[PDB]
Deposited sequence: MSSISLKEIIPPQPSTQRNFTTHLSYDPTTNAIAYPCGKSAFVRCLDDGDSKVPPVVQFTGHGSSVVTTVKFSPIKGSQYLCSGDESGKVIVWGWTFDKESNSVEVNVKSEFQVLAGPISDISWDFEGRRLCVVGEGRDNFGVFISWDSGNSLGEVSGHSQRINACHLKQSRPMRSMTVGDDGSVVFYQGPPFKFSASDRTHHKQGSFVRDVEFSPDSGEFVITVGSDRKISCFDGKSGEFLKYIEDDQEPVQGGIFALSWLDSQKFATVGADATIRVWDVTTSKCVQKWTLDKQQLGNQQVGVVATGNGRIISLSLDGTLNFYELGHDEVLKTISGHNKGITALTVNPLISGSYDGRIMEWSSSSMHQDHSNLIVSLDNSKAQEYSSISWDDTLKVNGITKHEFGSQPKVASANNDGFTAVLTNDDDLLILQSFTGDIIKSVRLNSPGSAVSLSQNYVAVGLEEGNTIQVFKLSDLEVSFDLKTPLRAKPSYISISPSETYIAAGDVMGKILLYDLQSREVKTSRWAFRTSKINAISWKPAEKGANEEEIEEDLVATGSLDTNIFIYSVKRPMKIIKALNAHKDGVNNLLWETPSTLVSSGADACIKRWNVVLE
């Protein structure tokens, strides 16, 4: 008996309005790396099976939000380096096993380099030296050896935050840091030391957001930022050569990032929802790609060349845009969440995160209709969905059909188009999932922290005495208490599909199973988790007697308990960094999970 990882749907890159998201591409593994939440990710652009794992997730930054992920230049080195807001940098390496289909990640070195958050990282072409940069009190960046951490130079010339850096990928080594107040500094080195400074080519007070030396011998260095200027320096002397401008292509917005396709062409991307391709020599824009400027989400917050003219653009809305030099049309788009997932539906698969974004995977549709946490999702009605959010509304296919007078704490929908909601004002409401109408309601005697709506019952977890009261859907005036309360505040309740039992767990990790009818505990034998329970889902039949029950807790684990054999536990550890939020059975043998880490995972239950 087991559970094995069947598929991983990774989140989109982390984003912030007015801020660049530095991406990284690795030719060898044909994959890109990017930060999202508290984990670093590497996603293989390779569809057709390959020896490269689809996804690699590094959780080593613990509680610190990851800011940047960079591939080591050494082909096949499978090493990467990432930084976080706490100012810590980590060099880690992964491992894969196409067989077990298991990915291992082992840290190799960690360094507390900055007081504040790290903004960018860059390796030397030997994959042994690092330019780390960002913000601090006295230090705005450092130059250190990847294994020891001993200083290999000194970041200087900046008084304000450093935004990006880059190491000329060839000898004689040279470096570049760039940041706030139009500051651009050049270094020389192996022992990188201040060489030259510049505060005349980028407007004072502006933000220079990215810098990058041309591939091969790096004959040039280019910096970009909010003043819409593209400055071109010489890769050796660092002398300003010229601005890259084309009369037929005025830059109408601040630039966020750049990436060289080869030694002559490089891409830029910015607030004017445009992806432009330039030729350093002619200073002419050779190719342009646009998106509707009228939509905030189209601003281009990142970019990275992936070889042979292929370019990947990052939208403020987290979308990944694939383009190719010579082809005026966008090749394909990839959307998804970049915020913890809080609501889940199956057959068809739909997900919602705590920012209110909803994802329809059956049509690759991404919605930004709600503007806050998605409490629940209901797809019972054919080709439609009903969503409830902390933005106090109930929407049906992105359209508002109900405005709550009181915020919806938690909710639960059955299969007959009904949704039971518990509000901040301590009310239990029963809505018609698809019209938004409240057909019946009742004031609860105490705040409620959990709901489970079956075909005929409504089980509510009550904070006062952490008891479970069961309501009759058809008549809220009738109800009964289960003989035994919980240990601590109820966190999640799941009524049996046949309404025989009721599984309810608490914020401490206890999960009691009751017999609904007799309202008596049927077993408290299921193993204590020592962590908040966030999800419980009954496995359906392929016997027919309800037995296996999947559950998830803040501790990141998935525990599939058994009614018949309370001592037997099938488990999957580290399912989702920082906790499992949702759990569903889309197939009698397949589980689907969502986590605080904005990941969605499918599992094969053997």
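K.L.:
Relative to the deposited sequence numbered from 1, which residue ranges are unmodelled?
P.N.:
Residues lacking C-alpha coordinates: 1, 544-549, 614-615.
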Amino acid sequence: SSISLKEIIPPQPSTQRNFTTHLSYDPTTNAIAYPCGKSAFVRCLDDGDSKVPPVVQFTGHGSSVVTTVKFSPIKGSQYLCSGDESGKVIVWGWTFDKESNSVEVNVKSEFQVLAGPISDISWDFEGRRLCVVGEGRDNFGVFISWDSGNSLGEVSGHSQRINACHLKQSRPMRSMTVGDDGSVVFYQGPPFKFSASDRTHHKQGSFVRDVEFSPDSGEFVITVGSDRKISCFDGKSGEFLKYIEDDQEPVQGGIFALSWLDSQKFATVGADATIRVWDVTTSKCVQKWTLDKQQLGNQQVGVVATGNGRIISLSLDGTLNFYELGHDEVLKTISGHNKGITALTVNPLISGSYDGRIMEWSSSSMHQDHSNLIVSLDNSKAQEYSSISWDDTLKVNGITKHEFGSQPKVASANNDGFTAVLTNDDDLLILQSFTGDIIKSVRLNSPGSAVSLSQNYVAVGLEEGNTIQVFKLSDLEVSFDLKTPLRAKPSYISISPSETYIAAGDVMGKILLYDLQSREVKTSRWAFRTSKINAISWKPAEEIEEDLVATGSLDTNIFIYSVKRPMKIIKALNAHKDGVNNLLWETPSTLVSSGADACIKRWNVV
From here on, numbers count along this sequence of modelled residues.
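K.L.:
Can you tell me which stretch has the higher mean Cα B-factor, 391-399 or 281-289?
P.N.:
Result: 281-289.
K.L.:
Which is higher on mean Cα B factor in this entry, 56-64 or 550-558?
P.N.:
Higher mean C-alpha B-factor in the PDB entry: 550-558.
K.L.:
Of the choices 120, 272, 369, 481, which one's C-alpha carries the largest B-factor in the record?
P.N.:
Highest CA B-factor of the listed options: 481.
K.L.:
Have a look at 314, 251, 451, 344 and flag the one whose Cα has the highest B-factor in the entry.
P.N.:
Of 314, 251, 451, 344, 251 has the highest C-alpha B-factor.
K.L.:
Using the B-factor values recorded in the entry, state whether the Cα atom of residue 97 falls in the lowest, middle or highest third among the modelled residues of its chain.
P.N.:
It falls in the top third of the chain.
K.L.:
Considering every modelled residue of the chain and its Cα B-factor in the PDB entry, is residue 262 in the lowest, middle or highest third?
P.N.:
It falls in the bottom third of the chain.
K.L.:
Is residue 599 in the lowest, middle or highest third of its chain when residues are ranked by C-alpha B-factor?
P.N.:
Within its chain, residue 599 is a lowest-third residue by C-alpha B-factor, going by the deposited values.
K.L.:
Going by the entry, which third of its chain does the Cα temperature factor of residue 39 land in?
P.N.:
Lowest third.
K.L.:
Among the modelled residues of this chain, does the Cα B factor of residue 32 put it in the lowest, middle or highest third?
P.N.:
Answer is lowest: the recorded C-alpha B-factor places it there.
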